[PDB]
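Novice: got an experimental structure here, sequence first:
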6 protein chains.
Amino acid sequence: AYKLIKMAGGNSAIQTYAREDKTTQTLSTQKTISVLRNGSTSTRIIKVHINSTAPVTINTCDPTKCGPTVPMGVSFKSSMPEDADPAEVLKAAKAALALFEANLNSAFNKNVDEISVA
Amino acid sequence: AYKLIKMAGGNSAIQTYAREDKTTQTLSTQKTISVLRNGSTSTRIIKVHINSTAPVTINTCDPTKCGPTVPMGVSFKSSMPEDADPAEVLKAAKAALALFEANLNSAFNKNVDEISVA
Amino acid sequence: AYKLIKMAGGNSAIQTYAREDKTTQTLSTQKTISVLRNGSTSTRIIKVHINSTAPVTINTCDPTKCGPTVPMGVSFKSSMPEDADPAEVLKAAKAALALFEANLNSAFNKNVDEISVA
Amino acid sequence: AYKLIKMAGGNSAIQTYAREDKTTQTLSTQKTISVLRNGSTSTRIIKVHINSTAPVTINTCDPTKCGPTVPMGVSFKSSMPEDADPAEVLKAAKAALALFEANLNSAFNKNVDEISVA
Amino acid sequence: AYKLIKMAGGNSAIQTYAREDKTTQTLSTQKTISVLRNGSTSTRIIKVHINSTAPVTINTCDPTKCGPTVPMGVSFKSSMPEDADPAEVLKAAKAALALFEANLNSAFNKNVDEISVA
Amino acid sequence: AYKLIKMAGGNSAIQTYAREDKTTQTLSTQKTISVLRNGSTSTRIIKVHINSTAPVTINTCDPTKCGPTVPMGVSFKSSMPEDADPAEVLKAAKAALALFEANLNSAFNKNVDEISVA
């Protein structure tokens, strides 16, 4: 139960947030608009990028003597024509993620031959 | 209300599925392992990549839904050293996605100053 | 009966908005400052530029409204040295626009010999 | 309460007017027709240009000893396919202008995040 | 009593404001973050910069009564590592400012053997 | 409550003080005068600089528990022509400082659309 407050940042397109408790855990959201034209017609391509990271100490069996840290991260990206419906690709993506997020650190990729979407 | 069946493709430690009824909607899951060495210490880095896309007919002039197709896609990526705990990173990422999910196709960026979690 | 929301673009001291319901209709406002030096004296010149455009499907043969799109646009520009009074210039410009507004698309020029103001 | 009478001018496309009271305040209206063809089809592009200017003396704090003058100007431009409807782009442009015309000389561009159109 | 309205700036790191009555009187706020890497531990260093200026005109007698304009400004700067306590340096700075504030425009300075802090 | 005792400085333009309790916490006051020659009239320009700092130690875990020391500081600067009135720029700067003061050590910043001045 915490909240991520917006950080001072240089870019206007990117919003950066840090966790109130641990200002080492951060999150970043960015939106990009692109233009793709066929002949005379032109359509907008909206791209979203959300990145949540925190540092994690490399050495589990060490005495935690400020061992060099590696970023641990979870990222989300979205690219779609304006006013398209991501509802179904999101449902599918979330269903797939549910199979992995238990084993997101365990180097074990189960052979799944079909994924059921709710 | 549907299921993603593994497509008749060569497994490359990358598993690609298509939706049973709409085989245009696809989804891919891969896990890879890297080795990060800092001095004497070496640690394994688990990297998951899930992708869920469908084609979208460009909003066109015809009453019939006919036009060039642009891919729309939602992608989730995850990189962390083995046996780390991404619980809080995932929680924050999911809260941010909850904020931006309706606006994934909006072409307008909502300026929020804090993101409440858990 | 609608509002122009500022689009998710990088502010360049130029503000670009799109219409909320019809995001094809856009509008841009910029203000710039110049310095005009005549001999010893230097004065600041304020320059405003407002642009309001929408795409227009070319009048075509099909019953469906399908054809190449040409931009239609109305543009207002204003340049004056700082603290000047453009009240009367604006008044005359507005009277002229009132005369020509119905004929902005006419391909016929109305020959008027006087323009009444205020 | 004045009127702009037509001036002697050289061009037939451009109508030039001067104010009766001050023949230093002037106004000019021009209409241009262009042709844009796709394949066999061809369409007219009607462009209107209205420019209202007056000279203004540079030096406010001077004794008004015929200081060199700079033109202060307000301009309007219109470009659209023949028989298109500028009604909405005009409404939007006028709504935007209303925010600026108070501060047309004051070098201050307020951050406006949305413009309401009547 | 007045309000500092936010001006439209291209840079998102700096927020600029102008007084509603006098748009010549302005104020800028900027926060920036620096990383100080000591060994394998990086610490965050927060710098704040507030500036409040307005143009003052130096009247000099002249056949043509226009004199130059030079800004008068009050600036505040701050720099400290994250989660440090500025309470006491603020109190001391404010007491010194209290001594000098009356005489900011006066070119007088007297030896002060001690400054009493609240 | 404490007293800033005057330290013994070689330069007479700058007066330096140290807190009686903590001689590590210091404060400097300096006033300087500049001449601005416009034609045959020279005008006096008063600049004041107050600085209040103290050393803060960044604790970083290490086999040998000694971390580096970096200063935290609050700075005030002022510059204006003689006999000008800073009352309003001071009020505005103080209101902005009042907003940012709590968050001087926090790395958070939220968009503020206006600052209300007393």
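Specialist: Thanks, I have it. Residues are numbered from 1 along each chain as shown, chains lettered A, B, ... in the order given.
Novice: over in chain A, which residue gets nearest chain D? Let me know.
Specialist: Residue nearest to chain D within chain A: residue A:40 (8.1 Å; CB to the nearest CB). C-betas here are computed from N, CA, C, even on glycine.
Novice: interface residues of chain A facing chain F?
Specialist: A:5-8, A:18, A:23, A:64-66 (CB under 8 Å from any CB of the partner chain).
Novice: what's the farthest-apart pair in those residues?
Specialist: A:6 and A:65 (33.6 Å; CB to CB).
Novice: which one's more surrounded, those two?
Specialist: Each of residue A:6 and residue A:65 has its neighbours counted (other CB atoms under 10 Å in any protein chain shown); residue A:6 has more, 20 against 11.
Novice: doesn't residue A:89 fall inside a helix?
Specialist: Yes: assessed with DSSP: H, G, I helix; E, B strand; the rest coil, residue A:89 lies in a helix.
Novice: sorry, back to before: can you redo the residues of chain A next to chain F as CSV with secondary structure?
Specialist: Converted to CSV, the residues of chain A next to chain F look like this (three-state DSSP):
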residue, secondary structure
A:5, strand
A:6, strand
A:7, strand
A:8, coil
A:18, strand
A:23, coil
A:64, coil
A:65, coil
A:66, coil
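Novice: top of those residues by neighbour count?
Specialist: Of the residues of chain A next to chain F, with other CB under 10 Å as the count, residue A:18 tops at 23 neighbours.
Novice: check contacts around it.
Specialist: For residue A:18, the contact set (CB atoms under 8 Å, 6 or more residues apart in numbering or on different chains) comprises A:4-5, A:7, A:24-27, F:107-108.
Novice: so which of these reach chain B?
Specialist: Answer for the contacts of residue A:18 near chain B (CB under 8 Å from any CB): A:4-5, A:25, A:27.
Novice: nearest to chain F, of those?
Specialist: residue A:5 (4.5 Å).
Novice: find the nearest non-adjacent residue to the closest one, please.
Specialist: Spatial nearest neighbour of residue A:5, excluding adjacent residues (CB to CB, 6 or more residues apart in numbering or on different chains): residue F:108 at 4.5 Å.
Novice: bridged to the one you found, which residues?
Specialist: residue A:7 (DSSP bridges).
Novice: next one: residue A:71
Specialist: In this entry, residue A:71 is beta-bridged to residue A:55, by DSSP bridges.
Novice: hang on, isn't it packed against residue A:55?
Specialist: Yes: assessed by CB atoms under 8 Å, residue A:71 is found in contact with residue A:55 at 5.9 Å.
Novice: identify each buried residue in stretch A:44-51, please.
Specialist: Buried residues in stretch A:44-51, counted by 16 or more other CB atoms under 10 Å in any protein chain shown: A:44-46, A:48-51.
Novice: near chain D, which of those residues show up?
Specialist: Of these, not one also sits near chain D (CB under 8 Å from any CB).
Novice: of the residues you listed, closest to residue B:59?
Specialist: When those are compared against residue B:59 (criterion: CB to CB), the nearest one is residue A:44, at 10.0 Å.
Novice: distance of the residue nearest to that closest one when sequence neighbours are not counted from residue C:51?
Specialist: In space, and not counting its chain neighbours, residue A:44 is closest to residue A:82: 4.0 Å by CB to CB, 6+ apart. Applying CB to CB, to the nearest Å, the value for residue A:82 to residue C:51 is 21 Å.
Novice: so for chain A, the centremost residue is which one?
Specialist: Closest residue to the average C-alpha location of chain A: residue A:75 at 2.0 Å, with CA atoms, centre = their mean.
Novice: contacts only, for that one.
Specialist: Residues in contact with residue A:75 (CB under 8 Å, 6+ apart) are A:49-52, B:76-78, B:93.
Novice: spit out the contact partners of residue A:105.
Specialist: By CB under 8 Å, 6+ apart, the neighbours of residue A:105 are B:46, B:80-86.
Novice: and which of those is nearest to chain A?
Specialist: Nearest to chain A out of those is residue B:80 (CB to the nearest CB; 3.8 Å).
Novice: what's the separation between the residue in chain A that chain C sits nearest to and residue F:92?
Specialist: Taking CB to the nearest CB, chain C has its nearest neighbour within chain A at residue A:40, 3.8 Å off. Distance, residue A:40 to residue F:92, using CB to CB: 51 Å.
Novice: what does residue A:48 give?
Specialist: Counting by CB to CB - residue A:48 and residue F:92 are separated by 38 Å.
Novice: now do residue A:97
Specialist: 50 Å.
Novice: between these two, who's got more neighbours?
Specialist: The residue with more neighbours, out of residue A:97 and residue F:92, is residue F:92; 26 against 20, by other CB under 10 Å.
Novice: mind listing what the residue of chain A closest to chain D touches?
Specialist: Residues near residue A:40 by CB under 8 Å, 6+ apart: C:67-70.
Novice: return the subset of the residues you listed lying in helices.
Specialist: With DSSP state H as the criterion, helices contain none of the contacts of residue A:40.
Novice: would you turn those residues into JSON lines with neighbour count?
Specialist: Output for the contacts of residue A:40, formatted as JSON lines (neighbours: other CB atoms under 10 Å in any protein chain shown):
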{"residue": "C:67", "neighbour count": "19"}
{"residue": "C:68", "neighbour count": "18"}
{"residue": "C:69", "neighbour count": "19"}
{"residue": "C:70", "neighbour count": "19"}
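Novice: what residues does the residue of chain A found nearest chain E make contact with?
Specialist: Nearest to chain E, among the residues of chain A, is residue A:12, at 3.5 Å (CB to the nearest CB). Taking CB under 8 Å, 6+ apart as the criterion, residue A:12 is in contact with C:10-11, E:11-12.
Novice: mind giving me the PyMOL command for buried ones among these?
Specialist: In PyMOL, this line selects whichever of these come out buried by 16+ other CB under 10 Å:
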select buried, (chain C and resi 11) or (chain E and resi 12)
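Novice: taking the contacts of residue A:12 together, which two end up most distant?
Specialist: Within the contacts of residue A:12, two members stand farthest from each other by CB to CB: C:10 and E:11, at 10.0 Å.
Novice: strands of chain A, start to end?
Specialist: A:2-6, A:14-19, A:26-38, A:41-57, A:69-81, A:114-117 (DSSP state E).
Novice: output those strands as JSON lines; include the columns distance to residue F:103.
Specialist: Shown next, in JSON lines, are those (distance: least, CB to CB, whole Å):
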{"stretch": "strand A:2-6", "distance to residue F:103": "9"}
{"stretch": "strand A:14-19", "distance to residue F:103": "12"}
{"stretch": "strand A:26-38", "distance to residue F:103": "17"}
{"stretch": "strand A:41-57", "distance to residue F:103": "22"}
{"stretch": "strand A:69-81", "distance to residue F:103": "26"}
{"stretch": "strand A:114-117", "distance to residue F:103": "45"}
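Novice: mind checking the end-to-end distance for stretch A:51-64?
Specialist: Using CA to CA, to the nearest Å, the end-to-end distance of stretch A:51-64 comes to 27 Å.
Novice: buried residues in it?
Specialist: Going by 16+ other CB under 10 Å, stretch A:51-64 has these buried residues: A:51-54, A:56-58.
Novice: just the closest of those to residue D:33, please.
Specialist: Nearest member of these to residue D:33, counting by CB to CB, is residue A:51, at 53.4 Å.
Novice: surely the closest one meets residue A:25?
Specialist: No: using CB under 8 Å, residue A:51 is not in contact with residue A:25; the gap is 11.8 Å.
Novice: where's the residue nearest to the centre of chain A relative to residue B:77, distance?
Specialist: Separation of residue A:75 from residue B:77 (CB to CB): 4 Å.
Novice: again with residue A:87
Specialist: The value you get for residue A:87 to residue B:77, if CB to CB is used, is 21 Å.
Novice: out of those two, which sits in the more crowded spot?
Specialist: residue B:77 (15 against 10).
Novice: hmm, residue B:46 and the more buried one touching each other?
Specialist: No: counting by CB under 8 Å, residue B:77 stays clear of residue B:46, with 11.6 Å between them.
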